[PDB]
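Below you'll find the structure, written out as structure tokens, and then a few comments.
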Amino acid sequence: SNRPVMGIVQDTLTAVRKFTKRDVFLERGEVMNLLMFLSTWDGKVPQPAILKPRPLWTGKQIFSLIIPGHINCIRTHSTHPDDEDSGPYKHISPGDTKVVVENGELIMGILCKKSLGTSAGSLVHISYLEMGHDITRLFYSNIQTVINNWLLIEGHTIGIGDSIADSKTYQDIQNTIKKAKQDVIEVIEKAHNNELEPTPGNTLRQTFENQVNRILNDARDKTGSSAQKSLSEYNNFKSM
Amino acid sequence: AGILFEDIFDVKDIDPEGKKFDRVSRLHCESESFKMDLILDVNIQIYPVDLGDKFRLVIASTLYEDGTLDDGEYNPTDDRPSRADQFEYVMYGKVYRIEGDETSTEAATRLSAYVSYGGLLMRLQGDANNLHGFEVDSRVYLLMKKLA
Amino acid sequence: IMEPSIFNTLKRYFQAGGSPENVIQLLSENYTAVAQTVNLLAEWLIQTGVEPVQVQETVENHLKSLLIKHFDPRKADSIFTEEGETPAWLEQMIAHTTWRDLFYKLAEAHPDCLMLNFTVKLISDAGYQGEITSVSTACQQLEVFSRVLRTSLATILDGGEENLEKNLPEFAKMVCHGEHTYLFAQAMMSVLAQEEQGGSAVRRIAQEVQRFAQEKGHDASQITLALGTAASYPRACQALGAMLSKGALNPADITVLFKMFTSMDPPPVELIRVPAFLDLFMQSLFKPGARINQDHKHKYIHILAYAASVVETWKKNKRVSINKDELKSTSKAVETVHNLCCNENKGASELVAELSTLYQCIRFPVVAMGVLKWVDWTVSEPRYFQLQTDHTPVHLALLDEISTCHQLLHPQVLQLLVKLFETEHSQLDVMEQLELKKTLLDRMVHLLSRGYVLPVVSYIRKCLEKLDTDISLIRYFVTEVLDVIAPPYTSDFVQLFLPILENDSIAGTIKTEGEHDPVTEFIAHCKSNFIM
Amino acid sequence: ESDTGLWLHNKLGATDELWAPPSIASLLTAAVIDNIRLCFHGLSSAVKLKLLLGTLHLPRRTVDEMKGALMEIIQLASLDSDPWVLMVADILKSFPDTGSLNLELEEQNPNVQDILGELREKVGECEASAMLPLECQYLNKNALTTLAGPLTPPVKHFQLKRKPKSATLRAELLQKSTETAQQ
Amino acid sequence: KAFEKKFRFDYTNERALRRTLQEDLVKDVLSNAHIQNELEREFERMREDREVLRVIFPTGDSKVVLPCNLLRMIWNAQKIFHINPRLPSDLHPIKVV
């Protein structure tokens with residue numbers, strides 16, 4: 001399928017997604033600790049993104065140090081709004097969800113599995129084609145080592161606090177379940193009294209079965225959507 | 001001496017469509033006089049910017065006032081007098097896009113320069129007479145300083 | 001037919017000399033017959049054809065201009081007019097000043113400065129000061145422009161609200177062509193609006209001109225604030241100037257304003273009554289999206305309440321008695337309405353529930369205007385009509401409430417209704433579309449019931465005649481209107497309602513009414529009213 | 001700068017536009033104004049009009065810095081024989097000093113006299129069913145009574161037999177709201 | 001019409017050539033008609049290719065696998081050679097053809 005098969009595996013992927021966010025800043029000591037693990041580092045500490053108040057490197061600078069040679073790719077983050085490229089801010093992403101790697105340096109964007117994974121046209125595939133293949137081996141090794149060693153400082157977990165929504169969300173879920181259950185019951189009482197009419201193409205029992213499955217699938221989808229609007233951006237399920 | 005742009009802006013909006021990141025927020029600012037928009041990502045933790053502030057913003061090709069044109073390496077021991085001592089928030093980044101209201105027949109009037117400071121994005125939409133010093137894929141500084 | 005060139009042949013005839021071979025040949029250049037007379041006889045031949053009507057002379061003059069447009073001699077126009085003579089242009093402007101010089105100065109307009117000057121002076125000599133101005137750019141020379149502005153203002157002020165829609169573009173294309181002319185016109189508006197004895201119409205015309213300036217591309221808010229008294233208090237006016245130069249709401253700017261308000265030294269209330277400011281307020285507050293961050297929200301509501309609530313007594317340019325005892329109720333109403341527009345609870349499970357509180361709120365004019373704008377921005381969303389209760393009349397019931405509790409919003413209500421009526425709704429059933437049109441016509445009938453009738457019937461006639469709509473819709477409109485009205489009939493209503501009824505489907509009105517008689521009663525009353 | 005009159009005629013001399021062009025506060029610095037003050041009688045009337053209109057678009061603080069030079073430009077503009085320049089100077093003479101524009105605008109000009117007299121008569125005779133301003137769609141009932149008198153009733157073009165079905169619709173929806181509120 | 005607007009390289013316009021090319025190349029294109037003939041011929045070839053593609057792909061999709069990523073290579077050339085695409089270019093279109 002003319003695509004890479006290696007990709008970036010789970011934990012390194014999550015740690016690099018959290019790493020390349022816009023609000024990630026690194027102290028000088030942490031920057032030196034991270035740059036110690038780059039095999040392809042020429043020994044020059046980059047100019048910080050923040051100089052005067054607290055010299056503070058952004059993680060995107062370290063990842064640009066990772067990215068080899070001078071490769072250029074444009075990808076989209078997994079949560080990139082589809083209505084973002086229509087109106088304004090199509091080049092200055094408010095969500096930082098537009099991955100642009102330019103002249104071998106990560107300009108912007110958060111690297112999900114659609115940037116570093118096994119999808120065709122990803123960063124690793126272009127690194128394989130534009131650069132060599134030993135260089136891509138170095139790229140994989142550097143990503144793994146330095147992102148794990150930053151994950152030591154950051155830390156990533158999952159717990160029972162990541163599986164609990166606030167009481168308003170629970171009330172919404174229970175209200176939706178009750179409404180769908182009552183709807184199924186009234187569909188049943190329509191079916192008993194022969195007031196249900198058969199859909200053209202199948203029997204009455206299946207017009208009924210199609211109705212019940214449709215209502216229950218709508219309930220499942222609505223409850224799932226109402227549940228996944230309440231992660232508060234720190235939920236580790238959402239992180240993964 | 002090496003300054004590409006200098007203007008006084010006024011903070012009008014802080015991330016009006018919600019706060020995407022807790023440590024960095026974008027400021028929708030208007031110029032005091034030049035009638036230009038500036039959308040700027042700033043670290044709120046180390047440098048809090050409140051709504052309604054007024055600040056000077058000076059894009060400079062280099063911090064050294066002689067225009068010595070450093071490469072961009074981190075030199076914390078260089079005691080050459082830089083312009084950063086006049087300011088309080090210095091961001092170094094590369095300008096990656098200069099789009100503008102242009103036509104295939106006549107010139108561009110309103111330019112829009114895009115610059116990324118590591119990952120912190122800044123769009124400067126102004127007139128071509130003020131954004132003429134910007135060049136695509138060059139290295140610039142920020143030099144913002146709030147004032148009453 | 002070389003006779004037609006007597007003049008130039010003359011000086012080449014008495015003083016030919018030398019070798020007059022070219023002189024004889026140009027004396028011999030009209031090799032045809034008397035085709036000048038034959039061209040006039042072409043009209044006599046058309047007398048046996050279809051029509052050589054006065055339009056035949058018009059077409060001859062049109063071909064005249066068509067072959068004239070090649071030369072149209074700017075080249076010697078300045079020389080031939082600086083000759084201080086030529087009843088040519090004077091006579092043409094006396095007789096044929098309809099569109100000849102109009103197209104002439106619409107063609108090039110850089111040269112022929114003296115032909116243009118003579119045509120413009122003759123346009124000034126015409127009675128109605130500026131109708132033949134061969135250019136809508138007649139705002140360059142002051143003695144002409146001031147008088148044209150005066151006569152146009154007289155025309156509009158004698159016209160009224162009906163003429164407010166027809167004459168205002170023809171008046172604003174002049175005073176917005178140049179912004180120095182805009183400054184002159186707005187200064188005149190300010191000086192005329194200094195008086196309280198009829199200056200409200202002048203202020204309204206100024207506001208419409210400013211709205212057209214905002215449409216066309218002016219940053220005319222700074223001029224508007226410079227003309228006003230708001231500049232006497234500098235910083236608030238400067239904040240307003242920046243905010244209206246950006247056309248958007250900044251919470252910092254409104255906090256700056258709010259710090260100056262609700263104190264013991266408020267600014268004169270005419271600084272906040274500018275309508276574009278309130279329109280931006282509506283845009284930033286009552287859009288179905290565009291959330292406001294819950295902290296300076298009460299400041300927004302208080303600013304709107306102070307704008308639309310307080311009174312004052314300017315006893316010789318000073319106030320001595322203002323009150324704030326009803327802006328608490330206004331703030332409560334606007335806060336409730338904004339909460340109702342922010343909750344957006346799916347299919348109005350709550351919008352239907354709190355409809356009584358909404359009816360209580362829409363008793364207020366600013367609340368009604370905000371709800372009207374919100375319903376405009378909600379219903380006019382494409383693919384909205386997929387929730388159906390009775391083809392979704394809920395927001396249209398709010399339209400009815402707005403039309404009921406007030407009267408000045410009726411132009412906007414009718415504009416929204418006709419915008420929805422003209423809008424073809426895709427992905428809907430054709431019968432469903434027809435019943436949606438029926439609901440909109442029911443709303444129009446409700447508007448007709450509360451006094452606002454003449455524009456509605458005018459639009460019904462316009463859509464029956466021009467770009468004609470379905471005749472059944474007009475039949476239904478007539479049926480519903482005549483089931484609720486009957487005896488006395490002001491003459492204007494009869495004059496406007498007669499032709500749509502008597503022409504084009506008499507028969508469809510009466511099918512099964514019986515107990516109350518059909519249009520026959522209206523016909524009898526129309527016979528009894530007028531003079532046959 | 002050098003040849004500043006030609007510079008003004010170059011940056012503002014596009015006569016095809018008659019608006020105050022944007023970035024006019026960026027084109028009007030105190031040094032530039034002081035360069036204008038000695039070559040003010042040379043440049044054309046259109047560019048001069050653009051300059052006088054752009055002097056109003058400056059921020060308040062910049063005007064308050066060097067209002068004396070602006071007043072000198074105003075005084076030089078009031079002497080010019082051009083009608084537009086004279087009128088705009090008459091209007092603008094009070095802007096740098098007070099902040100508000102002039103409202104006493106009747107001397108030295110028969111045009112304003114004629115327009116104001118005719119329009120005062122017209123406005124005095126045209127008070128019947130006056131056009132309320134666009135602000136009247138917003139302020140309340142008693143506020144409108146304070147501003148521009150009471151509410152003018154509509155013309156009763158007919159008589160109403162029965163209320164239309166919209167009354168039934170609002171009654172039914174009020175009943176539905178009552179029934180939904182108690183759930 | 002979109003195809004003709006995007007691929008024809010209209011040479012008759014002065015200001016577009018002034019903005020896109022350097023003046024020596026502009027006068028080289030505007031003076032000679034042989035170069036104009038060659039540009040017209042390459043647009044003819046592209047119309048032929050359009051017809052061939054529409055025969056090949058009856059379904060309106062163009063996501064096709066090809067060896068050399070030409071857009072990415074053009075972008076790489078731009079990034080390597082420091083184009084600054086605001087300035088008029090200095091490559092002769094006949095050289096391109």
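Note on naming: chains are A, B, ... as they come in the structure tokens, residues start from 1 per chain, ligands start from 1 in the order shown.
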Point to revise | Selection: 6 Å around residue 74 of chain B, only C-alpha atoms, excl. self and same-chain fewer than 5 positions, as a list in words | key: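 What passes the distance filter is residues 45, 46 and 47 of chain A.
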Point to revise | Within 10 Å of residue 28 of chain C using only C-alpha atoms, minus same-chain residues under 6 positions, as a ChimeraX atom specification | key: /C:1-3,22
Selection from above, C-alpha atoms, as a PDB file, in the first residue's frame, can you write it?
ATOM      1  CA  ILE C   1     -26.056  65.773 -52.788  1.00  0.00           C
ATOM      2  CA  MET C   2     -22.618  67.313 -52.427  1.00  0.00           C
ATOM      3  CA  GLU C   3     -24.818  70.354 -51.889  1.00  0.00           C
ATOM      4  CA  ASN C  22      -8.928  67.263 -55.377  1.00  0.00           C
TER       5      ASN C  22
END
**Study point:** Surrounding residues of segment 40-47 of chain E excluding itself and chain neighbours under 2 positions, 8 Å, only C-alpha atoms, as JSON, numbers by chain
**Key:** {"E": [7, 8, 36, 37, 38, 49, 50, 51, 97]}
Could the residues in this selection be saved with N, CA and C atoms as an mmCIF file, in the first residue's frame?
data_model
loop_
_atom_site.group_PDB
_atom_site.id
_atom_site.type_symbol
_atom_site.label_atom_id
_atom_site.label_comp_id
_atom_site.auth_asym_id
_atom_site.auth_seq_id
_atom_site.Cartn_x
_atom_site.Cartn_y
_atom_site.Cartn_z
ATOM 1 N N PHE E 7 -4.433 27.379 -16.862
ATOM 2 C CA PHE E 7 -3.346 26.700 -17.557
ATOM 3 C C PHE E 7 -2.891 27.339 -18.863
ATOM 4 N N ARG E 8 -3.580 28.361 -19.374
ATOM 5 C CA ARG E 8 -3.287 28.819 -20.730
ATOM 6 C C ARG E 8 -2.046 29.705 -20.816
ATOM 7 N N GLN E 36 5.062 32.404 -28.635
ATOM 8 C CA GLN E 36 3.617 32.391 -28.438
ATOM 9 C C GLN E 36 2.986 31.177 -29.108
ATOM 10 N N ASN E 37 3.468 30.822 -30.302
ATOM 11 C CA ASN E 37 2.968 29.631 -30.980
ATOM 12 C C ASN E 37 3.264 28.371 -30.175
ATOM 13 N N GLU E 38 4.466 28.277 -29.600
ATOM 14 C CA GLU E 38 4.804 27.100 -28.802
ATOM 15 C C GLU E 38 3.954 27.019 -27.538
ATOM 16 N N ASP E 49 -4.664 16.217 -23.364
ATOM 17 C CA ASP E 49 -4.478 15.421 -22.155
ATOM 18 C C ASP E 49 -5.722 15.444 -21.280
ATOM 19 N N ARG E 50 -6.425 16.577 -21.242
ATOM 20 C CA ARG E 50 -7.673 16.657 -20.490
ATOM 21 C C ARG E 50 -8.707 15.693 -21.055
ATOM 22 N N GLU E 51 -8.838 15.664 -22.383
ATOM 23 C CA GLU E 51 -9.764 14.717 -23.005
ATOM 24 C C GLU E 51 -9.345 13.276 -22.733
ATOM 25 N N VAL E 97 9.066 24.770 -21.204
ATOM 26 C CA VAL E 97 8.466 23.864 -22.182
ATOM 27 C C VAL E 97 9.512 22.895 -22.727
#
Practice item. Provide as a ChimeraX atom specification the residues of chain A at most 9 Å from chain E, counting only C-alpha atoms. Key: /A:2,70-73,102-103
Practice item. Could you please tell me, as a PyMOL selection string, which residues of chain B have an atom within 7 Å of chain C when using only C-alpha atoms? Key: chain B and resi 12-13+51-52
Practice item. Please identify every residue of chain B that has at least one atom no more than 9 Å from any atom of chain E, counting only C-alpha atoms, and report them as a PyMOL selection string. Key: chain B and resi 98+103-107+135-137
Practice item. Just the strand (DSSP E or B) stuff from segment 8-114 of chain B, please, per backbone DSSP, written as number ranges by chain. Key: B: 8-14, 24-31, 37-43, 54-60, 64, 73, 82, 89, 92-100, 110-114
Practice item. Report as a list in words the set of chain B residues whose atoms approach chain D to within 10 Å, with distances computed over only C-alpha atoms. Key: residues 32, 33, 34, 35, 36, 126, 127, 129 and 130 of chain B
Once you have the residues from the selection above, write them out as a short mmCIF file (atom, residue, chain, number, x, y, z; two decimals), in the first residue's frame, restricted to N, CA and C atoms.
data_model
loop_
_atom_site.label_atom_id
_atom_site.label_comp_id
_atom_site.auth_asym_id
_atom_site.auth_seq_id
_atom_site.Cartn_x
_atom_site.Cartn_y
_atom_site.Cartn_z
N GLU B 32 -2.38 51.41 17.57
CA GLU B 32 -2.79 52.70 18.11
C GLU B 32 -3.08 53.69 17.00
N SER B 33 -2.25 53.70 15.96
CA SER B 33 -2.38 54.69 14.89
C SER B 33 -2.41 54.08 13.49
N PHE B 34 -1.66 53.00 13.25
CA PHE B 34 -1.41 52.53 11.89
C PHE B 34 -2.57 51.75 11.28
N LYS B 35 -3.61 51.43 12.05
CA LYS B 35 -4.77 50.68 11.57
C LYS B 35 -4.33 49.33 10.99
N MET B 36 -3.83 48.49 11.89
CA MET B 36 -3.42 47.14 11.53
C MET B 36 -3.73 46.18 12.67
N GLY B 126 -1.34 44.32 7.99
CA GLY B 126 -1.21 45.76 7.86
C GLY B 126 -1.11 46.21 6.42
N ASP B 127 -0.65 47.44 6.21
CA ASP B 127 -0.44 47.96 4.87
C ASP B 127 0.96 47.62 4.38
N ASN B 129 3.20 49.43 3.12
CA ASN B 129 4.24 50.40 3.43
C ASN B 129 4.88 50.15 4.79
N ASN B 130 4.21 49.40 5.67
CA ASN B 130 4.74 49.10 7.00
C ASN B 130 5.31 47.70 7.11
#
Closest contacts (chain A/chain B, max 6 Å, only C-alpha atoms) as a tab-separated table:
residue	atom	partner	partner_atom	distance
A:22	CA	B:119	CA	5.5
A:23	CA	B:23	CA	5.3
A:45	CA	B:74	CA	5.7
A:46	CA	B:73	CA	5.3
A:47	CA	B:74	CA	4.8
A:49	CA	B:92	CA	4.9
A:50	CA	B:91	CA	4.7
A:51	CA	B:90	CA	5.1
A:52	CA	B:90	CA	5.2
A:53	CA	B:89	CA	6.0
A:58	CA	B:118	CA	5.7
A:60	CA	B:118	CA	5.8
A:61	CA	B:118	CA	5.5
A:108	CA	B:119	CA	5.5
**Study point:** Spatial neighbours of residue 453 of chain C, max dist 12 Å, only C-alpha atoms, sep filter under 6 positions, as a ChimeraX atom specification
**Key:** /C:407,410-411,414,444-447,459-460,481,490,492-494,496-497 /D:154-158
For N, CA, C and O atoms, I'd like the residues from the last selection saved as a PDB file, in the first residue's frame.
ATOM      1  N   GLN C 407     -44.911  49.098  16.405  1.00  0.00           N
ATOM      2  CA  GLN C 407     -45.244  49.512  15.047  1.00  0.00           C
ATOM      3  C   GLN C 407     -44.055  49.995  14.228  1.00  0.00           C
ATOM      4  O   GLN C 407     -44.134  49.954  12.994  1.00  0.00           O
ATOM      5  N   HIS C 410     -42.188  47.327  11.939  1.00  0.00           N
ATOM      6  CA  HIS C 410     -42.917  46.726  10.825  1.00  0.00           C
ATOM      7  C   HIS C 410     -42.144  46.717   9.509  1.00  0.00           C
ATOM      8  O   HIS C 410     -42.248  45.713   8.782  1.00  0.00           O
ATOM      9  N   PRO C 411     -41.411  47.768   9.115  1.00  0.00           N
ATOM     10  CA  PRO C 411     -40.590  47.637   7.899  1.00  0.00           C
ATOM     11  C   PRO C 411     -39.601  46.484   7.961  1.00  0.00           C
ATOM     12  O   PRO C 411     -39.470  45.737   6.983  1.00  0.00           O
ATOM     13  N   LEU C 414     -41.587  43.120   7.720  1.00  0.00           N
ATOM     14  CA  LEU C 414     -41.981  42.849   6.343  1.00  0.00           C
ATOM     15  C   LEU C 414     -40.776  42.489   5.486  1.00  0.00           C
ATOM     16  O   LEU C 414     -40.875  41.634   4.600  1.00  0.00           O
ATOM     17  N   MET C 444     -48.089  37.760   6.963  1.00  0.00           N
ATOM     18  CA  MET C 444     -48.300  39.021   6.256  1.00  0.00           C
ATOM     19  C   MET C 444     -49.711  39.554   6.484  1.00  0.00           C
ATOM     20  O   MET C 444     -49.913  40.767   6.600  1.00  0.00           O
ATOM     21  N   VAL C 445     -50.700  38.662   6.545  1.00  0.00           N
ATOM     22  CA  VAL C 445     -52.067  39.074   6.860  1.00  0.00           C
ATOM     23  C   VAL C 445     -52.134  39.658   8.265  1.00  0.00           C
ATOM     24  O   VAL C 445     -52.814  40.664   8.505  1.00  0.00           O
ATOM     25  N   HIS C 446     -51.435  39.034   9.217  1.00  0.00           N
ATOM     26  CA  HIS C 446     -51.403  39.576  10.573  1.00  0.00           C
ATOM     27  C   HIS C 446     -50.763  40.960  10.597  1.00  0.00           C
ATOM     28  O   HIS C 446     -51.209  41.846  11.335  1.00  0.00           O
ATOM     29  N   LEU C 447     -49.708  41.159   9.803  1.00  0.00           N
ATOM     30  CA  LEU C 447     -49.133  42.495   9.663  1.00  0.00           C
ATOM     31  C   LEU C 447     -50.149  43.470   9.080  1.00  0.00           C
ATOM     32  O   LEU C 447     -50.239  44.625   9.517  1.00  0.00           O
ATOM     33  N   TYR C 459     -46.383  44.913  -2.137  1.00  0.00           N
ATOM     34  CA  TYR C 459     -45.527  43.780  -2.475  1.00  0.00           C
ATOM     35  C   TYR C 459     -46.331  42.642  -3.091  1.00  0.00           C
ATOM     36  O   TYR C 459     -45.834  41.936  -3.977  1.00  0.00           O
ATOM     37  N   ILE C 460     -47.564  42.433  -2.625  1.00  0.00           N
ATOM     38  CA  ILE C 460     -48.408  41.398  -3.222  1.00  0.00           C
ATOM     39  C   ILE C 460     -48.686  41.720  -4.686  1.00  0.00           C
ATOM     40  O   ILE C 460     -48.594  40.849  -5.562  1.00  0.00           O
ATOM     41  N   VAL C 481     -57.683  37.900   3.767  1.00  0.00           N
ATOM     42  CA  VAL C 481     -57.870  39.307   4.102  1.00  0.00           C
ATOM     43  C   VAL C 481     -59.352  39.659   4.143  1.00  0.00           C
ATOM     44  O   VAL C 481     -59.807  40.387   5.034  1.00  0.00           O
ATOM     45  N   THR C 490     -61.128  53.228   4.113  1.00  0.00           N
ATOM     46  CA  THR C 490     -60.279  54.334   3.669  1.00  0.00           C
ATOM     47  C   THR C 490     -59.935  54.199   2.184  1.00  0.00           C
ATOM     48  O   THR C 490     -59.675  53.100   1.685  1.00  0.00           O
ATOM     49  N   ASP C 492     -57.432  54.925   0.203  1.00  0.00           N
ATOM     50  CA  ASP C 492     -56.161  54.377  -0.267  1.00  0.00           C
ATOM     51  C   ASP C 492     -56.195  52.854  -0.303  1.00  0.00           C
ATOM     52  O   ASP C 492     -55.693  52.234  -1.251  1.00  0.00           O
ATOM     53  N   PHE C 493     -56.786  52.234   0.720  1.00  0.00           N
ATOM     54  CA  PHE C 493     -56.869  50.778   0.753  1.00  0.00           C
ATOM     55  C   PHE C 493     -57.695  50.244  -0.410  1.00  0.00           C
ATOM     56  O   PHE C 493     -57.316  49.254  -1.041  1.00  0.00           O
ATOM     57  N   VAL C 494     -58.825  50.888  -0.711  1.00  0.00           N
ATOM     58  CA  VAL C 494     -59.640  50.472  -1.851  1.00  0.00           C
ATOM     59  C   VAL C 494     -58.868  50.656  -3.152  1.00  0.00           C
ATOM     60  O   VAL C 494     -58.856  49.776  -4.022  1.00  0.00           O
ATOM     61  N   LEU C 496     -55.731  50.608  -3.700  1.00  0.00           N
ATOM     62  CA  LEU C 496     -54.654  49.635  -3.850  1.00  0.00           C
ATOM     63  C   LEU C 496     -55.156  48.196  -3.935  1.00  0.00           C
ATOM     64  O   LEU C 496     -54.485  47.351  -4.540  1.00  0.00           O
ATOM     65  N   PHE C 497     -56.318  47.900  -3.354  1.00  0.00           N
ATOM     66  CA  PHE C 497     -56.847  46.546  -3.284  1.00  0.00           C
ATOM     67  C   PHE C 497     -57.782  46.203  -4.437  1.00  0.00           C
ATOM     68  O   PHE C 497     -58.121  45.027  -4.612  1.00  0.00           O
TER      69      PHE C 497
ATOM     70  N   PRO D 154     -51.427  54.365  13.533  1.00  0.00           N
ATOM     71  CA  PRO D 154     -51.531  54.067  12.099  1.00  0.00           C
ATOM     72  C   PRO D 154     -52.881  54.496  11.544  1.00  0.00           C
ATOM     73  O   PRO D 154     -53.827  54.801  12.273  1.00  0.00           O
ATOM     74  N   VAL D 155     -52.957  54.511  10.218  1.00  0.00           N
ATOM     75  CA  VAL D 155     -54.192  54.862   9.522  1.00  0.00           C
ATOM     76  C   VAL D 155     -55.120  53.654   9.540  1.00  0.00           C
ATOM     77  O   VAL D 155     -54.749  52.565   9.091  1.00  0.00           O
ATOM     78  N   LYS D 156     -56.331  53.846  10.062  1.00  0.00           N
ATOM     79  CA  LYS D 156     -57.341  52.788  10.076  1.00  0.00           C
ATOM     80  C   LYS D 156     -57.928  52.685   8.674  1.00  0.00           C
ATOM     81  O   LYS D 156     -58.939  53.307   8.347  1.00  0.00           O
ATOM     82  N   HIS D 157     -57.273  51.882   7.833  1.00  0.00           N
ATOM     83  CA  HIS D 157     -57.685  51.765   6.439  1.00  0.00           C
ATOM     84  C   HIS D 157     -58.983  50.984   6.271  1.00  0.00           C
ATOM     85  O   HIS D 157     -59.587  51.039   5.195  1.00  0.00           O
ATOM     86  N   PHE D 158     -59.425  50.270   7.300  1.00  0.00           N
ATOM     87  CA  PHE D 158     -60.606  49.422   7.205  1.00  0.00           C
ATOM     88  C   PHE D 158     -61.132  49.172   8.614  1.00  0.00           C
ATOM     89  O   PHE D 158     -60.679  49.789   9.583  1.00  0.00           O
TER      90      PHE D 158
END
Point to revise | Selection near residue 67 of chain D, 10 Å with only C-alpha atoms, sequence-local residues under 4 positions removed, as a ChimeraX atom specification | key: /D:30,61-63,71-73,95-97
Go ahead and dump the residues you just picked, C-alpha atoms, as a compact mmCIF listing (two decimals), in the first residue's frame.
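Below is the file selection_35.txt, written as the result:
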# COMPACT_ATOMS: atom_id res chain seq x y z
CA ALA D 30 4.37 66.40 13.56
CA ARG D 61 -3.33 62.65 21.94
CA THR D 62 -1.46 63.35 18.70
CA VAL D 63 -3.74 66.33 18.05
CA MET D 71 -4.43 75.68 13.92
CA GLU D 72 -1.83 77.48 11.79
CA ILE D 73 -2.73 75.20 8.87
CA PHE D 95 -11.73 70.58 16.29
CA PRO D 96 -8.11 70.81 17.57
CA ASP D 97 -9.06 73.42 20.18
Review point. Skipping near chain neighbours, those fewer than 5 positions away, what residues fall within 10 Å of residue 66 of chain B using only C-alpha atoms, listed as a list in words?
Key: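 Residues near the query, excluding close chain neighbours: residues 1, 2, 80, 81, 82 and 83 of chain B.
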Practice item. Could you tell me which of C:105, C:62, C:363, C:461 comes closest to residue 140 of chain D if we count only C-alpha atoms? Key: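 Selected residue with least distance to residue 140 of chain D: C:363.
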Point to revise | Computed interatomic separation between atom CA of residue 31 of chain A and atom CA of residue 65 of chain A (Å) | key: 11.4 Å
